[PDB]
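Just so it is clear, none of the values below were taken in a lab; they were calculated from the coordinates. Quick reminder, even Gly has a Cβ in these numbers, built from the backbone with ideal geometry, and neighbours come from all protein chains shown.
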Amino acid sequence: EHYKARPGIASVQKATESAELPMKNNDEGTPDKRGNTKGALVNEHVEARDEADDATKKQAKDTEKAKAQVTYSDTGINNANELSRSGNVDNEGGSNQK
Amino acid sequence: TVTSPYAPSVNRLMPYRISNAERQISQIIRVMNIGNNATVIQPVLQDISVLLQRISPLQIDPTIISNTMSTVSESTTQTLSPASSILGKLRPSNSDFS
Amino acid sequence: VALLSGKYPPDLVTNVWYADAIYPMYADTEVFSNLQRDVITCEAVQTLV
Amino acid sequence: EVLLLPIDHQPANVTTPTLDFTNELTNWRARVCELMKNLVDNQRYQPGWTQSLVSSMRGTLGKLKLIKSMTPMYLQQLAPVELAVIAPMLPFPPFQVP
Amino acid sequence: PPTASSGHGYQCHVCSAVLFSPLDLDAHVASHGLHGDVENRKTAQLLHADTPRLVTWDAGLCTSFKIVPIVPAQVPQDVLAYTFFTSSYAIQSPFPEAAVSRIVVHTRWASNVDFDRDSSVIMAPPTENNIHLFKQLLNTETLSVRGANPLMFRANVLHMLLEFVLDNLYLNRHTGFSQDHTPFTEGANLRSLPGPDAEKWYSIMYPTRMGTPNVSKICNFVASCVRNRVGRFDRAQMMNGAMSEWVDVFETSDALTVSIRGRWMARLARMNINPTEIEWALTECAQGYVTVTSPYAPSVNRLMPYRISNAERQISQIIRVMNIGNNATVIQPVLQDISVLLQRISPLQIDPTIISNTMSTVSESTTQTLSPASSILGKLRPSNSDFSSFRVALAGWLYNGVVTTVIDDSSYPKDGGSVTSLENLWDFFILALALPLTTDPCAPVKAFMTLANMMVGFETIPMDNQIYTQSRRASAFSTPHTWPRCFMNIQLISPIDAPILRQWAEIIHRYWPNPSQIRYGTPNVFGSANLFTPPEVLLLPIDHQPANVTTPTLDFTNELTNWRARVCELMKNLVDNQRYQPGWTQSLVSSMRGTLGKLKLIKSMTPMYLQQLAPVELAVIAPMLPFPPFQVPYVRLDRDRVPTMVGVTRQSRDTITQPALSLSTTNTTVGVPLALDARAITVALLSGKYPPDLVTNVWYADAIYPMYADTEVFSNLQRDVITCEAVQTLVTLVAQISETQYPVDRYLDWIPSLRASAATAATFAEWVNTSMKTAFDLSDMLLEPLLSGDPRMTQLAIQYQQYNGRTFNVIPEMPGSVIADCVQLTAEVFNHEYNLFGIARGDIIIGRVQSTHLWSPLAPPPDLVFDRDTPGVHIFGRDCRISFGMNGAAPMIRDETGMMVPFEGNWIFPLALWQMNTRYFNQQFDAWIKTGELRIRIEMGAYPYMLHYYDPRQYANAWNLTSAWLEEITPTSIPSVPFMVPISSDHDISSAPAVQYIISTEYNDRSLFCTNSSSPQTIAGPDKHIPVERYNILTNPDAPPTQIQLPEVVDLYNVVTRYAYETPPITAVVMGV
Amino acid sequence: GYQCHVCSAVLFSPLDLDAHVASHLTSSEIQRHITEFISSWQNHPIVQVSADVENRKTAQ
Ligand SMILES: [Zn+2]
Ligand SMILES: [Zn+2]
């Protein structure tokens, strides 16, 4: 061999194997074989807010800096109606206390 | 430009032709996967960012701005000066362009 | 700052750089498994309803 | 067959002036610098400035207007064809709204 | 300020006294004898730029080529005895007695320069490798040492040509001659060159003196030459028993570098001056205060390179203002230098005792809390030193175009004053005296609105908005858009409601000091460097009428005393009214308007000094400055004609080309304000006296003498030369590789190169900058103000915009350039002689030739070369695919026209296709090139090469070279192209089969000099005699000397002139008294 | 170390010297009246700013 790869073939394959990863499976709020939901017993809006904060912390940890530039929480816009899927509700519409 | 040579055979089977109907329905299912969950959307976006960073020809350094702004060490000798103000505001010594 | 600053490498050739950047990312393609997955997804939706 | 972009794309051209006001982003930066020059010029909107800072302000705005940045050229030409190369290999194929 | 503290030290060596602190100790000792960073580098560059090295001399011969042997001829053989050859007698032949001789390019290989310039091009003979010269510049990615990027040849070649020119810039020195005693010439003078070795040189320099014993090729040539053109044939001696000024000699020298040094000498001869006009220039810059003397006798042709042109002065001034835009830290020490240089000269001495001794005369009643005279004293504080504030205020008049000296915030009455107060009145007096000495265009309206701030609630004027009202602080009015309309149109100030703002506005519009002027310097020897004013003119904000007498004494007929009188009488009018301040006792009002009257009638000499003597001082300082004066015109009280900006350009904007059209929108505004205390300027205006019995011509004739004994000012002009030459050769060399706006020719299109971007142009410009800084011995910044933009489209211009919108611009026409003339000359002669620097033109053809013929591959027969418009030739290109064969059918390849073809015939490749498929083509092609009938013509324009020789008597195959070359071809680099070419023989030899693969297309064998070089003929090989077309002056008796056939041959032997001038310093020739 | 000219107090840094001289016009009775006026209105609760809540728990 004589040619050196100018973008760097190991670096490009190291990046694209991380871009290759499939989508995360969000089963939360869906029944199991027994008939129960698979959530965390907390309501939908607080689950969405907690979840955006967790993903902001993950974005901060992913780069080597401690404080994240790009954020998902407290973005300066009001989003008090957003509610993401949790297991407080069932498929009927009632609650899943028991 | 790729090429793919092959010998003439009939019994060869590689099943890989879909239609736009299936390709759109699976897209709708993948959009319903997200459901305002911010961890579903985060690693896809960040990994596409890193892949563009490793492919992209454009390297960036703020030393162009630091060399154009000739004024250095003014903030404590005089109260205000605009070149030092925009230099300390742009902060060219950071290198996280995520 | 990324808009105000940024330069090319001083011996850039688009053909060399882009062939060398596009070859290993197409070598790790996986779209064919995605097509088969979309087949099974649509078949399962129709048999579900 | 299309990918909607928020800017204009042109055919890829290595040699073109880095100071070129046909370009959209270069034209935008030039006009923002010119309006802030017109804002500072007459010293009508800034009482309390006990010094005539208008010369230094127009100088540093001219320095920011006339800079060797290749990012608008890059976004004009090579970033859209890079997105067109990266797009149909994604695990989550793109979902655009006009 | 107080300085002394509790110290640790004692014991004065006399008087045996030990005491408190060393700072008291050393004053105690002295009484015994008395009573018995980018910014700092720019600053240092402006204060003292590096002077360059123009005059560099060359004792020894003046060539740039050499004749190197390659393979030695057989001196023992069995067909001709050893007594035939002149090697058997150790006869020093003028040419290398070998078998194959080639000429290569070492930069001069023979010089005895006193100052070496670290810039050279050394080439190995073509049997060795010469690839680092072509991968030197910008192959920062090439893996293999033997490889180099073919898409980047032209930038390498242009840097090598500039390198070659920047070496060959010397002046040929006359050394010394000796009359011949040997009968070889007809008594011709020879040239003796210094050095430890001189034995080879009298045979290397003069090829036309040697014995001609036999029928060898050298002897055929030398006896075919013409005899009388040996050594000196002309001299110009102007003295008895001194060195001859210039001679003309015949010797070995190529017309290329002879013409380069001739053009360089014509440049310095344009620069030349003489001490009579040096005396005239220094006298009329002195204005008669300093007299120097030049000799009047037959001279010895001194060479002083100092006279330069107005265009170069203006271009250097534009680059220097472009350098010092918007910093003020590069500006402050220049004005400090002018202030201390003015303190060394100025006759007055500011004594604060005058104002105190005249204010101790006041008559107050002491049964009063309010003390106006003590308010004056405690407000002015005369007792401080350091009126360098006043000297910097006097120095800013030179440099208003980038410096606006404005009055500081701290000398203002703290957010509006009241006329009922006292210290606000004295604030107004300090400001009304100090504001006329600044270069701020808003000083009159700042004085008027200081008064309008001081009276609020007493008088009202109509302002133009509710943001800049009467209660708005006067310091915020520093822009001519912010001027009140009631100030200019005075009737809106009604004289019934506001009669004092009425009449103070009448004072401003009438009795404010008028601007005037004075002339300085000369444009004869050194050109005038100012560009928005006419040449040799200096602008002053106050009037200047020259003094009649030379023993100065008091009178009151000048504008500053008129101004102070008007200010004091209006303050008398202001203290007059009982309406504006009713709480005053009638005794105190009259008594201490008497103080205003006496302060009007104070005796001081600072106004007469500013009228009569300080402009003469600025006129005699201003030629002796590293930063020449840069001025915009002074306007007194005109909203139409104030300057609002000044801006320089360094690059064009768009497709638009003309600088007058691209200038109004592409600039960088330069300039910075400066702060000055009004209090120091006011007390320095109120107090100033002369030495008690002085005579001005004696005073200035002592003071101006050492600063004209200094001679720093002449060295900056050479720096201005090389700055202008550098920016011109930068844009000329960038125009070769990039599509720019200036009209240039280009001879190097056939060399392939990169589609160049702005980063490529910036890098190439950086290398050109580093080469020109390594030559000429410079270390500070050069072209760095112009590398901050795009080096492709560059221009140099400047303008200032008047308030109405009328712009006045200066576009200096770029002068001529010997350096770019020599670079274009070297490019054209390289276009005709490309083989000597290692380049071959055309392209190569890869194909098997198995024969016993002895034709050289650098000159192939035309039956073997095909091209595009040849029948039976397939031309490949964009659509190129390869289909495999199956069941014995031959595999095929896709034509550009969409056809299929087997691996047989004559093909044409571009080099880029082979590079993009460099390994896949090898496995498919290399088995068929070696044994089959496939032939490829790879078109590539230019390539370096190496030469491998073989005995024509033995077998020789080339696959182990060509396969290594084809394998080493890489997408980013290629190695040199190896050729296999036989060795010329003397006698009859046998014939052996030789198998050659890589052949050239057109003629590339120009670098060959001679074959077998000692034998009477050349049999069975490539044949070439001594090139008669080179040595034209010898072989043609009809051709006169000074006849160069330069753009096609270099001739290697011609007349060259040789100089014996001297370059003494200016102080060693012209001196004062 | 630098010193003052009134009261001859020696200090060390020049900014502290400026502060001491600034800590140092009209007649002596008038300076006594001004200082008595400012000392009277010095800590009066009309000049003071930025107070605190009281945790009232009365005044319903
Ligand atoms: Zn003593
Ligand atoms: Zn004190």
- prompt: Among F:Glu36, E:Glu312, E:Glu284, A:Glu92, what is the fewest-to-most ranking by other Cβ atoms within 10 Å?
  reply: A:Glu92, F:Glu36, E:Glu284, E:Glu312
query: Quick one: if you stick a label point 7 Å off each Cα along the C-beta vector at D:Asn38 and A:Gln97, how many nm between them?
result: 6.6
- line: Scaled by the rule-of-thumb 2.2 N^0.38 Å, the alpha carbon Rg for chain E gives a ratio of 1.32
Sorted by Cβ neighbour density within 10 Å, fewest at the top, the residues B:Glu22, A:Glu51: B:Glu22, A:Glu51
message: Charges on Cβ only, +1 for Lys and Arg, -1 for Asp and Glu, centred on the Cα centroid of the protein assembly as shown; of E:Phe428, E:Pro441, E:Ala701, which one is farthest towards the dipole's positive end?
response: E:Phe428
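Once the piece of chain linking E:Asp116 and E:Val744 is laid out straight, how much longer is it, given 0.36 nm per residue of separation minus the C-alpha distance between them?
Difference between extended and current length: 222.9 nm.
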- prompt: For labels at A:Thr63 and E:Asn697 in the simple 7 Å Cα→Cβ model, what's the distance in nm?
  reply: 7.8
- prompt: Could you give the length gained on full extension between E:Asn524 and E:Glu784, defined as 0.36 nm per residue of separation minus the Cα-Cα distance, in nm?
  reply: 90.5 nm
field: Distance (nanometres) between label positions extended 7 Å along Cα→Cβ at E:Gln136 and E:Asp863
entry: 4.4
message: Could you work out how much longer the chain between E:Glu569 and E:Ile91 gets when fully extended? Use 0.36 nm per residue separation minus the Cα distance between them, nm to one decimal.
response: 161.5 nm
query: Shielding of E:328-338 by partners, i.e. mean partner chain Cβ atoms within 10 Å per residue?
result: 1
Unit Cα scatterers, Debye sum, the protein assembly as shown: log10 I(q)/I(0) for q = 0.04, 0.09 Å⁻¹: -0.43, -1.32
statement: The alpha-carbon center of the stretch F:25-57 and that of the stretch E:641-704 are separated, in whole Å, by 50
- prompt: In what sequence do E:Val734, E:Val1069 fall when counting other Cβ within 10 Å, fewest first?
  reply: E:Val1069, E:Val734
- request: Can you bin chain B into rounded, prolate or oblate? Criterion: square roots of the alpha carbon gyration tensor eigenvalues sorted a ≥ b ≥ c, rounded for a/c under 1.5, prolate for a/b above b/c, oblate for the rest.
  value: oblate
message: Run through the stretch E:720-784 and list the trypsin sites (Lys or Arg not before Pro) located in a DSSP loop whose Cβ has at most 14 other Cβ atoms within 10 Å.
response: E:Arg746, E:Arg755
Sparse-neighbourhood loop sites, chymotrypsin sites (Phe, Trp or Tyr not before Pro) in the stretch E:270-354 - DSSP loop, at most 16 other Cβ within 10 angstrom: E:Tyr296
statement: Note on the stretch E:260-358: contact order normalised by length, alpha-carbon pairs under 8 Å, 6 or more apart, percent, works out to 24
- request: Take the Cα of E:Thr353, step 7 Å along the line toward its Cβ, and report every residue of the stretch E:670-694 whose backbone nitrogen sits under 13 Å from that point.
  value: E:689, E:692
Pairs beyond 23 Å (Cα-Cα), from A:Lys67/B:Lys89; E:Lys572/E:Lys603; A:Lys4/E:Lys773; A:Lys57/C:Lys7; B:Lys89/E:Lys42; C:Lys7/D:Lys65: A:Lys4/E:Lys773; A:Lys57/C:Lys7; B:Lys89/E:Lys42
field: Cleavage-rule hits (trypsin sites (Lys or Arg not before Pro)) in the stretch E:310-404: DSSP loop, at most 11 neighbouring Cβ within 10 angstrom
entry: E:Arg344
- request: Mind checking which of E:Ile845, E:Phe830, E:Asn400 is farthest towards the positive end of chain E's charge dipole, using Cβ charges of +1 (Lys, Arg) and -1 (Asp, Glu) about the Cα centre?
  value: E:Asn400
query: By Kyte-Doolittle mean hydropathy of at least 0.5 and Cα axial length of at least 15 Å, which whole DSSP H helices of chain D are selected?
result: D:71-86
